[PDB]
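Number of protein chains: 4
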Amino acid sequence: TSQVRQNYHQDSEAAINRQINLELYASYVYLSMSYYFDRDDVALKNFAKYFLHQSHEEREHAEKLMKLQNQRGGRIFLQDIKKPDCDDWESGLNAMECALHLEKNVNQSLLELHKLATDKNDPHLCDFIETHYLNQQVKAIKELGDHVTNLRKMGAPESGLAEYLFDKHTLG
Amino acid sequence: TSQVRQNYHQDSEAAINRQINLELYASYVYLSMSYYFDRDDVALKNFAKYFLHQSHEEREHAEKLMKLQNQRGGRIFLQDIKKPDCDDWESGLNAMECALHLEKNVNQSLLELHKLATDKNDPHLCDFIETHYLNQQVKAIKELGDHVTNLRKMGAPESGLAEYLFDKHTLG
Amino acid sequence: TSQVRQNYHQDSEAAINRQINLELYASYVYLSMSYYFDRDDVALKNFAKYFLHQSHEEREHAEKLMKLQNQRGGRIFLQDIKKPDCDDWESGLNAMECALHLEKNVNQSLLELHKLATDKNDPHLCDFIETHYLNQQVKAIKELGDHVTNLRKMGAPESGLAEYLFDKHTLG
Amino acid sequence: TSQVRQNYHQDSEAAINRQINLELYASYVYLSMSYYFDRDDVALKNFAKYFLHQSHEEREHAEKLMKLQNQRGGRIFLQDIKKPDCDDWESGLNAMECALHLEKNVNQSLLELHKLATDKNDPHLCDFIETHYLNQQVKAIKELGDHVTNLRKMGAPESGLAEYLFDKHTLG
Ligand SMILES: [Mg+2]
Ligand SMILES: [Mg+2]
Ligand SMILES: [Mg+2]
Ligand SMILES: [Mg+2]
Ligand SMILES: [Mg+2]
Ligand SMILES: [Mg+2]
Ligand SMILES: [Mg+2]
Ligand SMILES: [Mg+2]
Ligand SMILES: [Mg+2]
Ligand SMILES: [Mg+2]
Ligand SMILES: [Mg+2]
Ligand SMILES: [Mg+2]
Ligand SMILES: [Mg+2]
Ligand SMILES: [Mg+2]
Ligand SMILES: [Mg+2]
Ligand SMILES: [Mg+2]
Ligand SMILES: [Mg+2]
Ligand SMILES: [Mg+2]
Ligand SMILES: [Mg+2]
Ligand SMILES: [Mg+2]
Ligand SMILES: [Mg+2]
Ligand SMILES: [Mg+2]
Ligand SMILES: [Mg+2]
Ligand SMILES: [Mg+2]
Ligand SMILES: [Mg+2]
Ligand SMILES: [Mg+2]
Ligand SMILES: [Mg+2]
Ligand SMILES: [Mg+2]
Ligand SMILES: [Mg+2]
Ligand SMILES: [Mg+2]
Ligand SMILES: [Mg+2]
Ligand SMILES: [Mg+2]
Ligand SMILES: [Mg+2]
Ligand SMILES: [Mg+2]
Ligand SMILES: [Mg+2]
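Okay, here's the thing in structure tokens:
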């Protein structure tokens, strides 16, 4: 057993490894979305920039969990990073809707992780999740909701003009 | 009687208390409007910013009247601040129309206050109203009229695109 | 149901609306206290400044809760802001005692809100309350306690000199 | 008749000359008060500074009225500047009370002047009085009221300590 380990349940250790994989998966989804908008037949450069930034943020989220695993004396166990659900994302609106779904799924995982940490009476882990993950998720979900609403109200996905102008005004 | 009181009719004192309440009410209306546009299903951040600024301005208007009451030796009497007429404001255009109606109502109250001050031969109070309130109201009403006109001409409220673009170009 | 809503109980939503009203009420109490000390027959300008600052802080507290409501996909429901308990606050000491009572009441409401959030297993809401409200309340209560103690020890409310000197040294 | 004179009643011209004398008288009262506090047996240097500043302000008030008289094509008529009512002012509190009485008397004169200007349909003169005199008077009266209140509450005039500390904290 690690010389640093204290009050860190094996179930929590395992759950943190699962969360690391999920964050990496989220980074991969956003990477794929980014380059969809870089296609010559889609060509929305600010959608591409927005999603690439999100992808880099998720990689940071994964790294912080790997750091946490080591800080607590757990051992990192990595799994394959699954390819994203979709190859073709259809429209800016559709990609934003996929992102919203993804972030709500990640949030659910984090809430399940918090429930476990609470059940195992691990207040350090609870605080870690609360401080570095929960409000970040709420902000991300709210922002994606805002984006979806604006695209819908503007006439997306039918209106190519709507997605073009959203690209310039909101994401530019 | 206050050692500072001079040429300040009890009717004017009472009217100033009523105006304080009205200014606070106006601040509350604009606060409510602001956060309507912050909803994930409305999501017009510059409408939200615009109305929040207006709300803060009305609170300043109320404070200046409270200061005036004390300067003249009257006594402040506060009443409940009523909740705004509407919870749901429908659209950017509708909120602007509500604001226009509100500011015209506040203007009418100020004109009635000025008539009273004139009738009681209180030139200090007349000058106070004229200097700090009347042109501010005329400018606010004109600006809201301008906003309503632009939103209508652009195709609001039916056009979600119109409200989106107005949010960026006029309020951004 | 809001596209952003996740793990946010209707009871929590309602409690947040109640808290918004309470914060606005607290802003109103402090506004009234501020202008009491601005009266020509009270004339303690630093008491007035202190309470006006507190009033503005409470308005910020209310706005942050309105922001939270929208972030979580709840819907803001506003109620009348009740006028403060007292019109005449008697002395600096009495106003400080009223403020202490108010802040302890607001704290109790926040603790009840936290209990609800805990019961509904909402760790994001728990963290929000803990981060933005609980220590702020403890600091405010401690500061008001300190102020009350000093005024008492100095000879308030009988000693007009005590309140005058406290105004200059502690609040100035 | 002056080549510049227009809509300027002879009664208004005369009233402006009377006001010039009153402003000069007020400057003289404050000059006398100032040097009372400079006496070795009174020795409150900030009371002395405060009243000397007030004296200089009144001289400016008189000059602006002399300027107005010429701007409108009236002719300045000067009278003796009467010595102040009191030679000995007793205490800081008593001097502040005398100043309050003086400023209320000057205010009454200005209100009478405004009534005359209104009766003679002279909106330029009304605006001049409103802009340069009326709120200045209200502020002065309020400030003197505040000062009187503080000195009383502190224990003046019996307490030499009260007047000493007021000199340092409020006027210093
Ligand atoms: Mg895994
Ligand atoms: Mg993100
Ligand atoms: Mg993440
Ligand atoms: Mg192991
Ligand atoms: Mg596969
Ligand atoms: Mg914590
Ligand atoms: Mg935080
Ligand atoms: Mg937004
Ligand atoms: Mg542009
Ligand atoms: Mg009222
Ligand atoms: Mg405004
Ligand atoms: Mg207003
Ligand atoms: Mg009364
Ligand atoms: Mg009602
Ligand atoms: Mg005027
Ligand atoms: Mg003006
Ligand atoms: Mg315009
Ligand atoms: Mg454009
Ligand atoms: Mg309520
Ligand atoms: Mg505070
Ligand atoms: Mg608060
Ligand atoms: Mg509902
Ligand atoms: Mg009631
Ligand atoms: Mg926390
Ligand atoms: Mg903290
Ligand atoms: Mg302390
Ligand atoms: Mg004369
Ligand atoms: Mg002066
Ligand atoms: Mg003068
Ligand atoms: Mg002549
Ligand atoms: Mg004589
Ligand atoms: Mg007029
Ligand atoms: Mg004018
Ligand atoms: Mg002015
Ligand atoms: Mg004052």
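Residue numbers (the UniProt record's numbering), protein chains in the order written: chain H, 6 to 177; chain F, 6 to 177; chain A, 6 to 177; chain L, 6 to 177. Ideal Cβ placement from N, Cα and C applies to all residues, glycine included.
If we count the other Cβ atoms within 10 Å of its Cβ and call it buried at 16 or more, is residue i buried or exposed?
i         : result
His-174/F : exposed
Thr-6/L   : exposed
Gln-76/F  : buried
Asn-140/A : exposed
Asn-12/L  : exposed
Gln-74/A  : buried
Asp-172/L : buried
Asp-85/L  : exposed
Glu-65/F  : exposed
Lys-147/L : buried
To the nearest angstrom, how far is it from the Cα of residue i to the Cα of residue j?
i             : j         : result
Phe-82/F      : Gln-8/F   : 19 Å
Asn-110/F     : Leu-116/L : 31 Å
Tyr-40/A      : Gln-59/A  : 13 Å
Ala-167/H     : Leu-166/F : 7 Å
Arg-10/A      : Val-143/H : 9 Å
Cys-91/F      : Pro-162/F : 17 Å
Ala-104/A     : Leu-118/A : 21 Å
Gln-24/L      : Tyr-30/L  : 10 Å
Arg-80/L      : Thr-123/L : 21 Å
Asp-127/F     : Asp-45/L  : 44 Å
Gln-113/F     : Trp-94/A  : 33 Å
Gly-78/A      : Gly-150/H : 10 Å
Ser-164/F     : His-14/A  : 34 Å
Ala-67/F      : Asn-26/F  : 8 Å
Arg-157/F     : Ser-32/F  : 25 Å
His-61/F      : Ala-53/F  : 12 Å
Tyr-55/H      : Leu-57/A  : 42 Å
residue 186/F : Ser-96/H  : The question about residue 186/F has no answer here: the residues shown for chain F are numbered 6 through 177.
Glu-135/H     : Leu-36/A  : 35 Å
Are the beta-carbon atoms belonging to residue i and residue j less than 8 Å from one another?
i         : j         : result
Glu-102/A : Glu-63/A  : no
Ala-20/H  : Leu-121/H : yes
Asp-43/F  : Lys-72/A  : yes
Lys-88/L  : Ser-17/L  : no
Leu-98/A  : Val-153/A : yes
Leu-176/A : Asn-51/A  : yes
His-129/F : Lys-69/F  : no
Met-38/H  : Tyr-169/F : no
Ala-48/F  : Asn-155/H : yes
Item to check | Members of the segment 134–165 of chain H that neighbour chain F once the beta carbon cut-off is set at 7 Å | outcome: For the segment 134–165 of chain H, the set of residues with a beta-carbon nearer than 7 Å to any beta-carbon of chain F comprises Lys-147, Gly-150, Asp-151, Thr-154, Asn-155, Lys-158, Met-159 and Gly-160, in chain order.
Next on the checklist: Under 8 Å, CB to CB, which of the residues in the segment 92–112 of chain H have a partner in chain F?
Outcome noted: none
Checklist entry - Which whole runs of the alpha helix (DSSP H) in the UniProt domain "Ferritin-like diiron" (11–160) of chain L are 4 residues long or more, in chain order? => result Counting only runs of 4 or more, we get 15–41, 50–77, 97–124, 128–134 and 140–159.
Item to check | Residues of the segment 8–36 of chain A whose Cβ lies closer than 8 Å to any Cβ of chain H, in chain order | outcome: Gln-8, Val-9, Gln-11 and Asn-12
Checklist entry - Listed in chain order, which residues of the segment 54–76 of chain F have Cβ atoms closer than 7 Å to some Cβ of chain H? => result none
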